[PDB]
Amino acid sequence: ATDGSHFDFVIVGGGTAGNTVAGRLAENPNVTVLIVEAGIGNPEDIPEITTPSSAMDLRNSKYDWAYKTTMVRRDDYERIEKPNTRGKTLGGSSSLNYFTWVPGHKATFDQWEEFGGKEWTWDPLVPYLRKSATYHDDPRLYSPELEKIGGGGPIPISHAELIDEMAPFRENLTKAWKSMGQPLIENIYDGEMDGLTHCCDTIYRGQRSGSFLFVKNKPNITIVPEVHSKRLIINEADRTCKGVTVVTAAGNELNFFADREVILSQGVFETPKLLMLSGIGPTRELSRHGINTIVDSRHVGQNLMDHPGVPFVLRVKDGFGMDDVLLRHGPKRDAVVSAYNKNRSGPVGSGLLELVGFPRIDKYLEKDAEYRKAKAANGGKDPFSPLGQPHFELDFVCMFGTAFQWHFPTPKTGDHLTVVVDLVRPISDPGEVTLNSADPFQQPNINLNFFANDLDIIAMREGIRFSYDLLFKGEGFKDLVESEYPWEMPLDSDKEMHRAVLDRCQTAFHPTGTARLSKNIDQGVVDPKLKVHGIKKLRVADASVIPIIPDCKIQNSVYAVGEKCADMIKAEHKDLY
């Protein structure tokens, strides 16, 4: 690509929303679209990217930004971790995520109206939540009604391609779930999600469905990988964004210009950073690093919101986890690896997560005096999910998961279940993404501020207790549990649970909100059309725009944001669409 080139649209960051916006805008083959991306351009060529069972091994790989981020910052406890995994490749974090495809609760999306007006509520957003996907049910295992969740887009999705050997696992987990009086549910896509479900995945035929599927075989898309953004090109007199400056592998600075619009899609952490490096952010934060303020945008990098998770591992009877097939080397692994290389069948093509629970835990919360005081203090409404939303997403990963055990060694023997207790409706104040310096090659400073509010600790403790009650007492599954790893979860002591939750928690990998959609610059940084407040020809389309975090894994809302962004761009450029 030649220095100084003009394109109709420039997408900065070839990630999840970025490739969505780019591929959609290229559907007029006459429209020129450029994508600049820090990582490789050929992820479909990388077996670890395309193979679903390899997803966790991508942590700390060359495709992981591997940021340091502060998980918790309380007066009694603070912890910083590395890596906070983020995709560094075309496809962004959709090239290394764990595939689950779930929208979230209608009541939550309706509340986005406070930020985006009526067009950002559940009903208008449903088509955008489905437009990216083509649904498949090859083994004809699920209700025909659910083909509605795919609108026909280039991301193939399916219910998990079930591992045959895990069917006893699945059958005892289901029995245990029902034995605790909690519903089963398969249609979690119409605004309601109460119960245990067979999840859908961005996996089809044993292959990962990443956002790069949007931007291939489209000659009007110029893809420039391996370039690192320096700054957006802003004209102050015009108050207009003209393009972007990037740095190449050889250390050369290139300017690419957009003749219509630039769309910033660098994800929740680098989008606020690049905005700030370009003169759009909190004015004193900018001054403190020698950056001129073009627009005093107080919310840039603020309102970082994520889900905390406390994972825990149980060792289970042999044959009720996949550790011995996929994790440990030997004939069993060689066998399924051999089958995969010939036709991409077998469990090597599995994302290892097939049942997911979305419970409320009201009866656990009610046993805590502090929760009772707080609910009464909120006028009798549950502080976490006052509109009936789930309290947790419980991922039952059917193997020891290194990506959820950041400080314990991998067990040398045995089969395991990794339960990821994900608090999806926390009430802690948000964190922030701040600049370390004006250096584009340094990571922003990242504070997730998990568990700022003690009530989130109480909730997370009870979500662990719920999960333990389910697996140790529930019918059928109670017989499968051999031991706890690496030691007993101290559920008999509230005070020990306090320490355990803080010390064992991690990100569930759903950061949002750092450039949020809003009605004005005093509320957020982009408007309901995703235009940056105070700047012409600049939109943001990624997780940083999300104003209230969905009640589940978030890749579905992030694709929807990209789809809607492209539609609102097309509607404005009528001479092109």
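So that there is no doubt, residue numbering starts at 1 and follows the sequence shown.
For the pair 335-343 and 115-123, the mean B factor over Cα atoms is greater in 335-343. As recorded in the PDB entry, 324-332 is the stretch of 381-389 and 324-332 with the greater mean C-alpha temperature factor.
Within the group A452, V356, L491, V501, the record's highest C-alpha temperature factor is found at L491. Comparing C-alpha B-factors across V419, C505, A167, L365 in the deposited entry, the largest value falls on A167. For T51, the recorded CA B-factor ranks within the middle third of the chain. Only modelled residues enter the ranking. Placement of the Cα temperature factor of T32 within the chain: highest third of the modelled residues, per the deposited record. Among all modelled residues in this chain, the alpha-carbon of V295 has a temperature factor (C-alpha) in the highest third.
When all modelled residues of the chain are sorted by CA temperature factor, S61 is found within the middle third. Among the modelled residues of its chain, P282 has a C-alpha B-factor that falls in the middle third according to the deposited record.
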